[PDB]
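Below is one structure, written out as structure tokens, with a few remarks after it.
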Amino acid sequence: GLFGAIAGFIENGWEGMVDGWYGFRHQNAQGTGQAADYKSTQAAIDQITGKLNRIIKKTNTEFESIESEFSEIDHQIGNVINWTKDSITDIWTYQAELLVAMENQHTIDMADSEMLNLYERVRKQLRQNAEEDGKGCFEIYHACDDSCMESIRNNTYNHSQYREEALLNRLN
Amino acid sequence: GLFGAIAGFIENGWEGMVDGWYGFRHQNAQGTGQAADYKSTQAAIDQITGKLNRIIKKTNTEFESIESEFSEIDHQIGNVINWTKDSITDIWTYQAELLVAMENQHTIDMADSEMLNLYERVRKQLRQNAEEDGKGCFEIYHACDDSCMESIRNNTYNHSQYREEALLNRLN
Amino acid sequence: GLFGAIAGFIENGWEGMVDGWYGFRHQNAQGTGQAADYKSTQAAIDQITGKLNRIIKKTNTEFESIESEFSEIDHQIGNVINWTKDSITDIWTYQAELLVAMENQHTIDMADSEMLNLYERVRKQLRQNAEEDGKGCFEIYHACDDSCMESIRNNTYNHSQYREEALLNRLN
Amino acid sequence: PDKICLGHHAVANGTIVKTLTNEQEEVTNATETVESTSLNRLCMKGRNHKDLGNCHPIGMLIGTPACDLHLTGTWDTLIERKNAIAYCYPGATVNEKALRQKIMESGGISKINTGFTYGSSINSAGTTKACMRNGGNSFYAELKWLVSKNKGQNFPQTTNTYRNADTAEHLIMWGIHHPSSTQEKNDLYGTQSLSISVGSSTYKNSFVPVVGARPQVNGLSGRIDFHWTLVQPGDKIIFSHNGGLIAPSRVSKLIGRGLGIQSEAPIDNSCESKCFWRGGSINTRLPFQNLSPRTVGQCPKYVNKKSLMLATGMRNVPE
Amino acid sequence: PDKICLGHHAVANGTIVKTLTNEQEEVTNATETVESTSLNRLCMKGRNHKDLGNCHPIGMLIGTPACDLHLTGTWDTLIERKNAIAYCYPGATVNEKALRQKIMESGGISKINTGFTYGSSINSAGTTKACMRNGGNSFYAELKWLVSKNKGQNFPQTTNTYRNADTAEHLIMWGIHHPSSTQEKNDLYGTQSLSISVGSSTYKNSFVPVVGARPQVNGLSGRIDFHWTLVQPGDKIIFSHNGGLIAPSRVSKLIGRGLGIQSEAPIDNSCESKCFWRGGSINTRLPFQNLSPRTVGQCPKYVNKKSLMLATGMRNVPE
Amino acid sequence: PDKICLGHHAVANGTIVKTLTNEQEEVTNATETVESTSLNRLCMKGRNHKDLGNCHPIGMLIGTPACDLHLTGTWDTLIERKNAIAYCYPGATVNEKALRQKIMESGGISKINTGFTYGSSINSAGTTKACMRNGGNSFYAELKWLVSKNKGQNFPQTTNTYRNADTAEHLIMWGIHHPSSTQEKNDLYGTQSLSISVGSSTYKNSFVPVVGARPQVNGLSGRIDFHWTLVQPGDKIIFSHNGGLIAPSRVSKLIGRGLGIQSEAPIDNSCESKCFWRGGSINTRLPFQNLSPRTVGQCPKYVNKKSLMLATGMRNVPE
Ligand SMILES: *[C@@H]1O[C@H](CO)[C@@H](O)[C@H](O)[C@H]1NC(C)=O
Ligand SMILES: *[C@@H]1O[C@H](CO)[C@@H](O)[C@H](O)[C@H]1NC(C)=O
Ligand SMILES: *[C@@H]1O[C@H](CO)[C@@H](O)[C@H](O)[C@H]1NC(C)=O
């Protein structure tokens, strides 16, 4: 896709993650865990809600009848009405088809961009203490306990604390 | 947003930058400074100018009156005219709303992409001589005076000139 | 452009790449190489084909004549027909212009994204064994023979096999 | 080393949607934009409405037997039905489509007496088996079939004048009797040359009864054709006639505006709706519908599509 | 160091397209969305069609000489040509536009005999130099110019009745003769007052021949005006007349539906198409066309644009 | 380490716009796409215009006194005003809407004499109090009220012919007088039954003056109803009458094309415009407008919107 994460470098989704749209899975000495990210999930939901509020809506124009259900119309005017209504129906069918196709494309790519933005945020936090594996994970070159993992998810991880240890392990 | 820079990893804009849309702030031993980037600024402006040239126009189709302002219109044909004109008005109202909504989404995301492209250009220029702080700045691990800062802005910075000094400071 | 690669950090296209849309050139001790990338090429082609399948199409609606080619139409209804037809023509002319302008913008940007996604896939494969030159190339800091180059193109390159050699050469 | 992995959710059963580039794109969730279901019921909650039943709108103005409960009233929504009876005695209204639309656009009918009276040589109480009321021969309630008191004699030269004393325009209707045979014509109106002229400030016309052979409709070959005009405030309309006029005893006043509905569905006062069609009501929040191109009120737009699914989620990439 | 470079293709000669932000964007390839070319022929492959030539659709119902080979038929496509002939004797049809469109919407015409017979006082074989057939005076094939057998004598009071025994509605036509001079009126119908009455269950009307000075059309100041109605299944229509009726010997039944085309382009049975206009056929898969806003069939939408190129490749960045 | 920071501009107070996902999106700058303001004048610079004032277009053809300055001329733009006068003597024109439209699509009017003459027993100079000119009783300038010179005497049978000797179609109008009483009818035309007939190669009709009681309009119970047709190049149109014809002394030729405007706004010869409506001129470069769905010329499209702001900058993220 456009931003290369969803159905891209991230191989697949997680069916187990029912408490959010995007999140973290980790592995440290204490074990493994899963945690959704609220800000990215909310950013995607809010944008989709915005679309629904604009799209799930009808005009306030009041129309009245120009075609008699229980009686014959005039021949000349009846052909004009049929031509006009079919022309209008072709326009609305086309516009609806384009609307939904265009919106679906943007929704899919928007969701992709939020996955990437979370990935980039984490990359930039970890600085020189981790490396990308190419599958959406970061291999962290120092011990990172449940507090340390929490700080990465919380956006309060300070790289300079672990830098000397990380660089020694990275350079070997 | 889509590209993660404007209202993303860059915390906010600079009200003090009045000579361009995107630019640089630096800090070295000599002091601080500010300069706009011409190419990224002009790229964004040119694209918006293109949108305006396309959108700010009317059709050259000549229409004549089918409704009398000052006298009666026939009952049957009059109802058809009101139905048709209101149907045409709903189409144009809907099309105007969608055009501007779609274009505004693209304008915002385009501007975001130009910020990111400038950031990416600088990142690749600096190579192994700098690290990203996560807020849109590059911490440069060598003495970079006004001429050096100018070379980064001019796209004439040669990383290999400072590489040895920077790897000493980055990796010890 | 929107993803910064095509007409961006990649200076120009390759007229000599006739077997695909995206690909690799390389240089090692053994020789100079060139090869198309099938996955990215096909991803772009499939998406363009999908657009063509949607766009190159008509409505199934069958329209009959409401204007006589050879005799006079009625005066009032003739004016209504002319107004309505010209109104419909203005809508379709507008919809056609918008559609193609929008689709063309997306096609160009989608193609840009597939180029960047290939670049990023290679960046993440090479890990700490290569550095970006800023022009779309990766300088590889170990001997990478034809089999090694194939492994990169095949997405089976293992960075840890060459890491020692690469880090010693990178740090000098 | 330790590891932190980034990812996105997925579901077991994803939904297919169409994009600009892909006809079969699987996403985590989607929602319909084209309404397919209709409520087989005229939802009339919050509307002062009038179900006409077997009464035809035009029958309200002339007073057909089926329309006796609908001769006056007020409403914001008027409901017409299939095979509604306008004419008991065979005939038709000139400019009928326009008149029906004016009634279905209105929000009520009021009736005003013409004050038309007739000399003793005229019988103004002509009736027919076609227009039955209370098990006996009758006529259109707002009109009078004027015939000669004595069979065969010349119907007298008569003038009747309605003045609109009101501030709003009034709708006046009258009929012209076209006899089946010369025998019937002479028995009712005499052997004289028949002529009927109608004249106001904004309207002028003349009519002649026409004898001619025709097939029988509900037993009868004769015809009563109706004509109508609008009498402006303060204007008068003068009828001059010597046989053949079916004269109004009252005129109508159309009041305000209302929504005209043509449908076969039954009324329901337990639900409110802003969109109606032949089959019933459309209570959807969705922007489009595929039930019918013929709708009235505040409606979603008609499209030639079974379904258009809007994506409300990312690409579904299951495990 | 060794190196691997990423890149994309380019072409020597790119194509210019328009985007949201740029009027002059070079891409590697593009394709046209607006059809600019037409085939100068009517593509009739897989179509059972009728080219009317110099026969006008109304002439098919009344039987003008030019339409003798087009009095009956079935077709899915009916083609009308410029300057087609409807009337040999001077005149016109009332509600001509509605009638022509009904014929051009049909998928064929069948003819059914009225079975009208006339007494020995009526000469039903009136003819004119205006309606030539094989170098001899003739008349509309589907009607009969009824006149008095004895020159100057009064045309008798006649009744003719047509009953529709079919399950479908039948279109019936008749003419009214309006003589040029009083001496001609008297010769054909007599000195009596002339009157034509026509009545069914769904239609009625009355007509009076009018003598009056007019200019000559095809040498004649007289006129025959045509009238028409639909006789419903089971119903009957009655003609009562005493001089001046041009009576139908047959009625028409329109069958099914077909596509009416008005065009000057020649038939081509080797070409197939769904879309037609005055200048020929539009055989394209493209969504839009700039040939004409007046088309019939299943067509691309008309747009006021010479070209609209859709990009089918990336930005072209040559070396 | 030293540092270089990348950033973008911002403004103290941004503008709110709508996007696909956000109704309250703040950007650095934006511009309006829906025009809200009109010029309250008819911008007539570079146009040969005629402001009709209180002259109705149909009055130009019949020559109502209000139209004496507008009986002939040329123009590319014709301006009609509210409450313009067509009829001084009470009455109406049959097919008036089509006629008004034809005049309002024209680029000028020329007048050609019919040449009709009348015998010594006809008074062709009938005038009326209702049609004042030069402070005296008069009549429609392009017509003649024909009556018997001696009161009570039968109006003589008369036939007049206008031949179109031009190469383009001419438009001919005439009136039929419908008297208020039998006494009036007898005084003007005599006791004979009255009949008017009109015949060309392309048109035929007959008319009968209707005597009937009517309310007074401008103090007159009589009525003059107008009829019209096009006379093709080279054709004759023949009038046969014996009382009741209001005869043409001239016919009209509509010349070329022009833009018809119905407006309440005054003329300004110093500004140009291509788009006009009731309230004046629209000289916007914007694609949409919310002034009126009724416009003429080359106009922005009407939308039901107060404002639609188009972003001309990035997201505003202030300090
Ligand atoms: C790359 O893939 C091709 C095709 O499967 C294969 O022939 C080749 O051996 C592969 N090269 C390496 C180095 O894995
Ligand atoms: C350009 O695009 C069209 C439509 O997709 C295609 O048929 C044509 O072969 C393409 N041209 C090239 C050179 O690939
Ligand atoms: C918006 O841009 C236009 C054109 O550059 C300019 O005239 C206007 O001052 C700008 N608006 C603001 C608030 O600066």
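Values reported hereafter were calculated over all heavy atoms of this structure, with side chains retained and with hydrogens, waters and symmetry mates removed. Every chain is numbered from 1, with letters handed out A, B, ... down the list of sequences.
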_Pairing of B/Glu103 and B/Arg54 as salt bridge, 4.0 angstrom limit_ = yes
*asked:* Does the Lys NZ or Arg CZ of C/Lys124 fall within the cation-pi geometry relative to A/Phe9 - under 6.0 Å from the ring centre and within 45° of the axis?
replied: yes
*Return yes when atom CD of D/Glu319 has more than 12 non-hydrogen atoms of other residues, nucleotides or ligands closer than 6.0 Å, and no otherwise.*
yes
*Closest approach of A/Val18 and A/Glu15, non-hydrogen atoms and distance?*
CG1-O, 3.8 Å
*asked:* Can a side-chain donor-acceptor contact be found between E/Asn29 and E/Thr312 if the only test is distance below 3.5 angstrom?
replied: yes
*Do you see a donor-acceptor pair shorter than 3.5 Å between the side chains of D/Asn283 and D/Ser273?*
yes
*Regarding C/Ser40 and C/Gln42, is there a side-chain donor-to-acceptor distance under 3.5 Å anywhere?*
no
*Any idea how C/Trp21 and E/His9 line up, ring-wise: parallel (<30°), tilted (30 to 60°), or perpendicular (>60°)?*
parallel
*Neighbour count >12 (heavy atoms, 6.0 Å) for atom CD, D/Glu23*: no
*asked:* Is it the case that atom NZ in F/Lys18 sees more than 12 heavy atoms from other parts of the structure closer than 6.0 Å?
replied: no
*asked:* Could you tell me if B/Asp86 and A/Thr61 have a donor-acceptor pair between their side chains, going purely by distance under 3.5 Å?
replied: no
_I'd like to check D/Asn290 versus D/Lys305 (side-chain heavy atoms, cut-off strictly below 4.5 Å). Are they in contact?_
no
*Would you say D/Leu286 and A/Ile56 make side-chain contact, with heavy atoms under 4.5 Å?*
yes
*asked:* Could you check whether any side-chain heavy atom of D/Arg294 comes within less than 4.5 Å of a side-chain heavy atom of A/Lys85, counting everything from C-beta outward?
replied: yes
*Drop me the distance from C/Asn53's CG to C/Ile48's CD1, to the nearest 0.5 angstrom.*
12.0 Å
*Do the side chain of A/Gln105 and the main chain of A/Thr107 share a donor and acceptor less than 3.5 angstrom apart?*
no
